[PDB]
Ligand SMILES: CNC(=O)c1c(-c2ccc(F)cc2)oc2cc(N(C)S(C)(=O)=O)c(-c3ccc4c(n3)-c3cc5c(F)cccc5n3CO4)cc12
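Taking the form solved without the named molecule, here's one chain by itself in structure tokens.
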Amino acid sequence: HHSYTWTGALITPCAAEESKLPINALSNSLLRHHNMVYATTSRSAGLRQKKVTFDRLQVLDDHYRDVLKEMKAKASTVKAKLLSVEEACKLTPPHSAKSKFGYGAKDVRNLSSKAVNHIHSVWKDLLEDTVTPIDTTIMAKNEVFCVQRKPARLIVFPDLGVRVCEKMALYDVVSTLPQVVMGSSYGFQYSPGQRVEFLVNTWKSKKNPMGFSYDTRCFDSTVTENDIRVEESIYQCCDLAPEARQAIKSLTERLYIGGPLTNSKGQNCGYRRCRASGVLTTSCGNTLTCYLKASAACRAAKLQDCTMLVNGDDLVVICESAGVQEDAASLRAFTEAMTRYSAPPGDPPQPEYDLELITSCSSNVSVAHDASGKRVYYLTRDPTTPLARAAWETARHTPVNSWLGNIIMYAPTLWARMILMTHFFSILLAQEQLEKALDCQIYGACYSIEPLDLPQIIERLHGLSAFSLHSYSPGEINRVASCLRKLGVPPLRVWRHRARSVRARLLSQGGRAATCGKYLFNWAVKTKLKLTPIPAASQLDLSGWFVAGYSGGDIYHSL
């Protein structure tokens, strides 16, 4: 029951890898302590392998099965449709990994005959063959972090032709089933403000609120063949075309359950018997499996009035405190139950009685004040990683622009507004690229977004309050200030000055550019403006922006 097996061949890169933070003429204006930023490479792949390789044990009891039966009952009310080849193709990221069969993402998106014919042939093979394991590629991810160094994460994905077939058979499923099965507990259905709203309204729902987060040690490796088959049983509960049932069955047996691992050089690196992190069902499956195990675990632990919030492998639980002593005991029972379900904790879960002290999805609730001085809750997080990546993206263009995604997701925060917005808008203006669409990711899906639309986008996801928040909490203030000292980032005084400069230059531009200056940097001037709803803000089609998670799902969308 080992998560993985290895032949000994090394996980190889498909291009030159940089470890040290690239430096340019802009670097210092943001960060001085360059040696604290690094990017993980294949060189550490070996360390990760040893961490994610272990034997799994599972003891499923009646609570587990009772929760599963309930989940299947909700799942049966779901009706999913097969996606056409064209539809699935249009969902393919312009820069997705090219197929090993003579065509790439560009060919897929343009519906080239070669790409369509191969896709159709792969689809046919899935319907006729439900046994032969599908090949996958294992790569060491290149991610940027701040020191104090972690080994590179691994990514396992099948060929482009297969990814397109996954979409056809399961896109509609993984996009709609989770919300029906888990209801208000499915986190990807909420925007940042909606997630904060759900957490506060839930916290208040309890007379004696108590909450905690649960971090499973390498969740993907804890997923057993049973878990993957259980997820399939849930999918099959949906009303599906017979052709889709066969495709989902086949993908489960040949890909999801496990298969061979091939490095970028074509050598067999080993075999996988756990969750593949680079497939379409990675997010939905982890969310379903985490919710199933945690729900059953809550019962075993006898937690009162439990309200859960699940996002992939990230879990949040808010319930009725039965006392400080009893809570601690319950939590331990919960952990023991989770462990029996093959989901041991990486870090011991601790009970919190202060919402702001609960961190889930690397984030936490905090409070500030809007123009009217009213108390307003918002989602924030430790700026360290976001700032380390912003430095890298300062001297190196990357496939994913983390700074953009961070600005969109945490626009109300002190650090995103003061630093991220000021810094990158200054750069955009200098290169006159304000209107250039850039790629960023929201909940694992890729989106092409033009900086000039940030104002309208932020107003839609956070409301005008994001443009005028102030008097942040002492806790948040200290955490940001510490980060800035650690990384060597200029003080507010400096950023405010740079913001006025950027703001003035934007206003001169006019059009949307001026809108960016007026709204994004109204906090910089001494005499703030009124700031009213943006007209074109209703034209934006953010329908599929916050519906589900697609981490590793190879999903694309054009705004």
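For every residue, the number given is its place in the sequence shown, counted from 1.
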Indicate whether the chain is continuous between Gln148 and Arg149 or, if not, how many deposited residues are absent from the coordinates: none, 1 to 3, 4 to 9, or 10 or more.
4 to 9
Of 506 to 514 and 60 to 68, the stretch with the higher mean C-alpha B-factor in the deposited entry is 506 to 514
Stretch exceeding the other in mean C-alpha B-factor - 368 to 376, 417 to 425:
368 to 376
Between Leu111, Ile407, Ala247, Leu288, where does the Cα B-factor run highest in the record?
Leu111
Going by the entry, which of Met210, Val173, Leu127, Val164 has the most elevated CA B factor?
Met210
Name the third of the chain's ranked CA B-factors that contains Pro386, choosing lowest, middle or highest.
lowest
For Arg498, the third of its chain into which the C-alpha B factor falls
lowest
Among the modelled residues of its chain, the C-alpha B-factor of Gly549 falls in the third labelled lowest
On the chain's distribution of Cα B-factors, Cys269 falls within the third called highest
Chain third (lowest, middle, highest) by recorded CA B-factor, residue given as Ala329:
middle
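Just so you know, the form deposited with the named molecule bound exists too; it's not on screen, but the next bit is about it.
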Overlaying the pocket C-alphas and bringing the named molecule over as found in the bound PDB entry, would you call this site open, or blocked by 3+ ligand atoms sitting within 2.4 Å of backbone or C-beta?
blocked
By the heavy atom within 4.5 Å rule, which residue out of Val78, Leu355, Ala300, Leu428 makes contact with the named molecule in the bound PDB entry?
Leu355
Which pick from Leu309, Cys274, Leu288, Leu177 sits with a heavy atom within 4.5 Å of the named molecule in the bound PDB entry?
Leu309
Check whether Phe188 has any heavy atom within 4.5 Å of a heavy atom of the named molecule in the bound PDB entry, and answer yes or no.
yes
Give a yes/no on whether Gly259 approaches the named molecule to within 4.5 Å in the bound PDB entry, heavy atoms considered.
no
Is the gap between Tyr410 and the named molecule in the bound PDB entry 4.5 Å or less for some heavy atom pair?
yes
Do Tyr443 and the named molecule come within 4.5 Å of each other in the bound PDB entry, heavy atoms counted?
yes
Quick one: in the bound PDB entry, does every one of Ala105, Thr136 and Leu160 get a heavy atom within 4.5 Å of the named molecule?
no
Out of the stretches listed (84 to 92, 190 to 198, 229 to 237, 292 to 300), which one is close to the named molecule in the bound PDB entry, meaning heavy atoms within 4.5 Å?
190 to 198
